[PDB]
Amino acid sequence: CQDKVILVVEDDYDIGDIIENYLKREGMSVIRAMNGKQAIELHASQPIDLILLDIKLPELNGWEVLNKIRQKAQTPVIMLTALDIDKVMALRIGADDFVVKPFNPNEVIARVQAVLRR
């Protein structure tokens, strides 16, 4: 999975930093988006292999963020979620996946690598 590019969409800087270093130490490249507008822009401009998307974003509803991206490409997504909207989350299995908050960062690496392999 070396050189695969992961878009990490997360408003909390420390959680994003934890995810980033775990992904980079496994050999992946990381691009950080702090909100949904940034996610849409960076997904449009960079070759992204997988999006890690926190549902809790400051202004946009994070499912319409996914919806907006999905109208464009079928880029794999792993949602970071607290587990409301249980249905739309079961929906994604699917090729996609989710990680429940709070999480062990090792779970993120495991699920990213699995989704990429599929």
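Residues carry their position along the shown sequence, with the first being 1.
Asker: Residues with no coordinates between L83 and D84 in the deposited sequence, how many: none, 1 to 3, 4 to 9, or 10 or more?
Answerer: The entry leaves 1 to 3 residues without coordinates here.
Asker: Going by the mean C-alpha B-factor recorded in the entry, which is higher: 12-20 or 97-105?
Answerer: For C-alpha atoms only, the mean B-factor is higher in 97-105.
Asker: For the higher mean C-alpha B factor in the entry, choose 32-40 or 68-76.
Answerer: It is 68-76.
Asker: Checking the entry, which one of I55, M89, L60, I48 has the top C-alpha B factor?
Answerer: Within the set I55, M89, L60, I48, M89 shows the top C-alpha B-factor.
Asker: Divide the modelled residues of the chain into thirds by Cα B-factor and specify which third, lowest, middle or highest, holds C1.
Answerer: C1: CA B-factor falls in the highest third of its chain.
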